[PDB]
> 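Pasting a structure below so you can have a look.
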Amino acid sequence: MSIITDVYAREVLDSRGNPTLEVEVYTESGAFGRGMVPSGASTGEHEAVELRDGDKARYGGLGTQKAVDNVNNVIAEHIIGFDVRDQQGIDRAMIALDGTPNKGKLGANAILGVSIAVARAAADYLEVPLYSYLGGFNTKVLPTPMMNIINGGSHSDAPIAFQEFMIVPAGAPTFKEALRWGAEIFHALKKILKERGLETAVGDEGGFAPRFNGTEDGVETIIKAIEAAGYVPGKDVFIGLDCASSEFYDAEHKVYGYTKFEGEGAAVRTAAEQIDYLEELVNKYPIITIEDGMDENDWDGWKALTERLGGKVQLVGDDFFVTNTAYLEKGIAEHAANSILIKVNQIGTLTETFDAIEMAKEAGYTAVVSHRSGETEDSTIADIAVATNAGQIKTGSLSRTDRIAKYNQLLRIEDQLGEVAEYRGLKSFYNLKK
Amino acid sequence: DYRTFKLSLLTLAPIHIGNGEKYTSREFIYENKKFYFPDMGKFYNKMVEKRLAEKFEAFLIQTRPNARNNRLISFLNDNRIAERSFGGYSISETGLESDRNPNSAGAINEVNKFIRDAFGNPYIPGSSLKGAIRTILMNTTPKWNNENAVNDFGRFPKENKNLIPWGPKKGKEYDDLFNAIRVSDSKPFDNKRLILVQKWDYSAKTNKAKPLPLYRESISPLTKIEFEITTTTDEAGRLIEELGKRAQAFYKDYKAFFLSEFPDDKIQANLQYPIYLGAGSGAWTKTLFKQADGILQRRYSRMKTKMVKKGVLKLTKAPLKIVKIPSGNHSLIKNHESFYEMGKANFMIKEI
Amino acid sequence: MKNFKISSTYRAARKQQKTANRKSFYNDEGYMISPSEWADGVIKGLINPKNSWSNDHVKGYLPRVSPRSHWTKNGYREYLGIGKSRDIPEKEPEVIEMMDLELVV
């Protein structure tokens with residue numbers, strides 16, 4: 001009655017209008033699970049690549065019929081007959097059936113869809129919440145959200161080198177209050193931008209990309225919106241940055257070129273100059289998180305940044321670690337960063353996602369479950385964040401349903417947990433001293 | 001300029017080579033724990049001297065026997081014949097000749113005959129062994145086992161017979177390789193080496209063996225048969241001196257392709273260089289299975305007996321036999337349900 | 001077929017993979033034919049309606065069949081074929097002497 005009876009994938013659309021796939025798993029008793037895959041990247045040296053058709057006539061080469069056929073004709077024949085609760089056995093079986101480290105033969109999207117659908121069907125069969133099935137009985141911590149609010153960099157035409165700016169309502173008593181604070185600050189910032197003549201329309205995260213004068217102007221408007229909503233910066237709501245300095249890092253001269261986004265009047269900063277710039281930004285503003293402060297290959301820079309700022313600010317490696325167990329182990333060994341961005345489709349299966357989260361936890365690092373640019377109505381990453389008691393989530397802004405779905409799932413999880421639910425806020429930054 | 005090789009064939013399983021003819025149930029008698037196949041002419045000659053020629057003719061003419069008038073033993077019992085000296089031969093009853101009772105139901109209605117000469121003695125033709133050797137050689141030569149072996153210029157794909165050059169060419173030196181390889185047939189063996197195996201098919205999806213109404217006259221396991229192979233060129237001499245270690249490579253590819261999907265106890269072990277001979281060994285033993293994959297199954301996609309995935313395993317039933325070798329006691333098959341991999345044999349080739 | 005029955009897992013698989021909704025039909029020579037010509041042949045008598053169709057294919061290598069049970073004389077349950085499986089060890093085997101045989105490593 002828990003035997004997997006049918007596995008079926010079909011092609012759907014993600015939040016950007018591009019195709020992705022979705023897998024349904026039926027067991028013998030009738031338990032049903034549905035896993036939908038966010039749109040990741042099909043290229044990468046040591047990242048799980050996803051299968052796309054490449055047919056330029058259909059969807060501009062972004063069709064997922066090949067991965068759908070891989071699930072329907074290859075994975076289904078191998079998975080049907082398994083116990084639905086054998087998550088690790090199913091995932092190892094799919095990894096062996098693929099036989100490629102980057103999962104290029106079957107496709108990481110196919111394997112992830114099957115893994116999520118199997119986990120959801122197993123939770124349905126046991127009639128337990130998904131976080132209870134994934135993390136056991138001791139699942140109580142609601143993650144502290146890093147709400148993307150203003151995005152610049154390659155997502156804006158403004159002279160801002162940094163990719164994203166986030167608000168972290170770590171001073172709230174509950175997750176419901178933190179969500180309310182983020183929504184109110186979002187609307188206050190929308191009003192501030194409307195009275196300033198700047199554009200209001202949201203991007204692919206739900207955040208605004210207005211034509212600010214610079215990074216400092218953007219941060220100053222963030223604090224202005226926080227205070228307009230009626231909250232104390234540095235005590236209730238903090239500021240996070242997603243620099244992603246890999247995009248404007250020039251590897252030939254080993255320098256961080258700010259002229260790519262901030263114009264010719266910007267300052268070209270070396271590794272040490274970048275450290276000093278990040279340090280003075282942290283000193284000036286209530287910045288609690290800096291993500292991808294250095295290039296993915298600048299290991300010595302990353303180490304120097306961790307010595308300089310790792311005691312007071314959270315340094316998250318997004319492209320530095322690429323959700324890789326080997327790269328995370330190397331970073332732990334070299335004392336590079338103190339946090340890792342966990343993107344579930346970057347690795348391929350739930351078992352490896354979990355394994356990376358536990359490896360990061362055992363080293364004193366923080367695991368931040370992250371969205372993708374193209375998301376879906378599937379909100380499994382919220383259940384992953386609660387199941388692991390990760391304490392942090394980066395699931396986007398407060399506007400679009402590809403973010404609001406995960407926020408609503410966390411609201412439902414908090415309501416279900418009731419008096420046991422814990423929102424730790426600043427205590428979720430256990431990688432930081434005191 | 002001629003090289004002569006001796007190929008010793010040791011059957012590890014029943015081997016059937018047919019002639020297109022089949023014994024009907026009105027032609028053999030199941031009695032005294034044996035199948036007696038009389039000579040029809042001698043039987044008729046003895047039946048005209050007993051004034052039963054018209055009765056026997058009415059017995060044989062009848063095109064629709066009900067259930068029991070289809071057997072010769074019914075005629076021999078009703079008409080009170082006790083004589084059994086009609087020439088012919090006999091096959092010792094094995095027990096694993098039909099999954100049902102041969103004397104109760106319809107059971108063995110037809111038996112596929114083994115190939116015989118004009119004297120009625122069974123033998124293995126040299127064309128059959130040459131075809132098996134040619135399959136082994138073609139599957140292990142990368143210049144013949146490629147996509148150029150498929151003739152796609154047609155309604156449906158077929159083999160490229162011109163891939164290995166044969167025949168005379170106008171103004172060109174003679175370039176027939178397989179004219180240099182000359183496989184002779186066997187000296188005839190005795191009918192005491194013949195059994196009455198039945199076709200069983202083992203499916204990887206159903207995970208069980210299903211019997212089929214296909215009974216064959218087969219050589220018993222552990223039969224020694226000698227062949228002489230003559231080579232007239234140098235390249236064919238290298239090919240035939242490499243018949244082993246090419247049979248091993250072919251069997252390694254065949255096991256990695258087909259036999260790995262079935263339980264290990266259903267797959268036999270090799271004492272010498274493996275080979276598959278005669279009917280019943282399967283489609284992949286007779287094709288370039290690397291290039292015939294896909295095409296072969298789609299050839300049967302619109303038939304009722306549809307080829308699903310890579311097909312089923314052919315496993316006949318024949319008595320278990322232990323052999324004494326230097327390693328000790330060797331069981332021919334690893335299962336206790338008495339399942340031989342039909343058509344399997346081993347060989348050793350020497351340079352006499 | 002009395003010793004075994006259809007397994008419930010295979011029945012569920014066939015039920016909600018909808019393999020019976022995609023039947024293939026055949027004539028008396030076992031060749032695939034459209035449902036219209038199959039109906040026409042069955043009505044005309046040229047096709048046996050019983051053994052001339054297939055229920056697609058179920059994926060996943062599930063066991064199609066499970067052992068069937070019955071009641072013993074004391075009211076306990078028992079597999080149908082477990083106890084009448086065999087009575088004699090079939091005698092056998094035969095140890096053929098083949099010491100003169102060059103084996104291959």
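A, B, ... follow the sequence lines: proteins, then strands. Residue 1 opens every chain. Only this structure's heavy atoms are used, side chains among them; waters, hydrogens and symmetry mates stay out.
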> State which residues pass side chain to side chain donor-acceptor pair (under 3.5 Å) with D355(A); sequence neighbours excluded, sorted by chain then number.
none

> Return yes if some donor-acceptor pair links the side-chain N/O of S370(A) with the main-chain N/O of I342(A) below 3.5 Å, else return no.
no

> If I compare all heavy atoms of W181(A) with all of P169(A), which pair ends up nearest, and what's the gap?
CE3-CB, 4.3 Å

> Do other residues, nucleotides or ligands put more than 12 heavy atoms under 6.0 Å from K194(A) NZ?
no

> Would you say that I340(A) contacts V316(A) through its side chain, given a criterion of any heavy-atom pair below 4.5 Å between the two side chains?
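Answer no - side chains too far apart.
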
> Counting only heavy atoms not in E195(A), do more than 12 sit closer than 6.0 Å to its CD atom?
yes

> For the pair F320(A) and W299(A), name the ring-plane relationship: parallel under 30°, tilted 30 to 60°, perpendicular over 60°.
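Aromatic pair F320(A)/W299(A) classed tilted.
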
> Can you name the residues that form a side chain to side chain donor-acceptor pair (under 3.5 Å) with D53(A), not counting sequence neighbours?
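Only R58(A) meet the side chain to side chain donor-acceptor pair (under 3.5 Å) criterion with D53(A).
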
> Is it the case that the side chain of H335(A) and the backbone of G331(A) share a donor-acceptor pair, with hydrogens and angles ignored and the cut-off at 3.5 Å?
no

> Mind checking what makes side chain to side chain donor-acceptor pair (under 3.5 Å) contact with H371(A), not counting sequence neighbours?
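Checked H371(A) against side chain to side chain donor-acceptor pair (under 3.5 Å); matches are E205(A).
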
> How close do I357(A) and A367(A) get, counting heavy atoms only, and between which atoms?
CG2-CB, 3.8 Å

> Do the non-hydrogen side-chain atoms of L241(A) and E164(A) ever get within less than 4.5 Å of each other?
no

> What do you reckon, is CD of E199(A) surrounded by more than 12 foreign heavy atoms closer than 6.0 Å?
yes

> Under a 4.5 Å cut-off applied to non-hydrogen side-chain atoms, are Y407(A) and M147(A) in contact?
yes

> Tell me whether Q88(A) at atom CD has more than 12 heavy atoms from other residues, nucleotides or ligands lying less than 6.0 Å away.
no

> Taking distance alone, no hydrogens or angles, what donor-acceptor pairs closer than 3.5 Å link side-chain atoms of residues 217-232 of chain A to residues at least two apart or in another chain?
residue, atom, partner, partner atom, Å
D217(A), OD1, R196(A), NH1, 3.3
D217(A), OD2, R196(A), NH1, 3.2
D217(A), OD2, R196(A), NH2, 2.8
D217(A), OD2, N213(A), N, 3.2
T221(A), OG1, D217(A), O, 2.8
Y231(A), OH, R180(A), NH1, 3.4
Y231(A), OH, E184(A), OE1, 2.8

> Work out which heavy atom in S245(A) is nearest to a heavy atom in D292(A); give both atom names and the distance.
OG-O, 2.8 Å

> Counting heavy atoms not belonging to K176(A), are there more than 12 under 6.0 Å from its NZ?
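Open: at most 12 neighbouring heavy atoms sit under 6.0 Å from NZ of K176(A).
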
> Test of understanding: with side chain to side chain donor-acceptor pair (under 3.5 Å), list the residues that count as partners of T351(A), not counting sequence neighbours.
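Side chain to side chain donor-acceptor pair (under 3.5 Å) list for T351(A), sorted by chain: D91(A).
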
> Measure from the side-chain N and O atoms of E375(A) to the backbone N and O of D402(A), and report whether any donor-acceptor pair falls under 3.5 Å.
no

> Shortest non-hydrogen contact from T64(A) to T20(A)?
OG1-O, 3.1 Å

> Would you indicate whether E329(A), at its atom CD, is surrounded by more than 12 heavy atoms from other residues, nucleotides or ligands within a distance under 6.0 Å?
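12 or below, so no.
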
> Give every residue pair that meets the ring-ring contact (aromatic ring centres under 6.0 Å, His included) criterion with at least one member in residues 2-40 of chain A, sequence neighbours excluded.
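For residues 2-40 of chain A: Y26(A)-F32(A).
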
> Can you confirm whether more than 12 heavy atoms, excluding those of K190(A), are under 6.0 Å from its NZ atom?
yes

> Are the side chains of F162(A) and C243(A) in contact, using a 4.5 Å heavy-atom criterion?
yes

> Side chains of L193(A) and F208(A), heavy atoms from C-beta outward: is any pair under 4.5 Å?
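Yes - at least one pair of side-chain heavy atoms lies under 4.5 Å apart.
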
> So, does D415(A) use its side chain to make a donor-acceptor pair with the main chain of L411(A) at under 3.5 Å?
no

> Just so I know, are the side chains of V141(A) and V386(A) near enough to count as touching, which here means a heavy-atom distance under 4.5 Å?
no

> So, the side chain of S397(A) versus the backbone of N148(A): is there a donor-acceptor pair under 3.5 Å, distance only?
yes

> Any side-chain heavy atom of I288(A) within less than 4.5 Å of one from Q314(A)?
no

> Can you tell me if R52(A) uses its side chain to pair, donor with acceptor, with the backbone of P19(A) under 3.5 Å?
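Yes; judged by distance alone, with no hydrogens or angles, the pair exists.
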
> Can a donor-acceptor pair be found, under 3.5 Å and without considering hydrogens, that links the side chain of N389(A) to the backbone of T139(A)?
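Such a contact is absent between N389(A) side chain and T139(A) backbone.
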
> Backbone N or O of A405(A) within a donor-acceptor pair of the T401(A) side chain at under 3.5 Å?
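No: the side chain of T401(A) does not pair with the backbone of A405(A).
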
> Between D318(A) and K343(A), does any side-chain N to carboxylate O distance fall below 4.0 Å?
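Salt bridge flag = yes for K343(A) with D318(A).
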
> Within the 4.5 Å heavy-atom criterion, are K140(A) and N138(A) side-chain neighbours or not?
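Touching, per the 4.5 Å side-chain cut-off.
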
> Would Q87(A) and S115(A) count as having a side-chain donor-acceptor pair, cut-off 3.5 Å?
yes

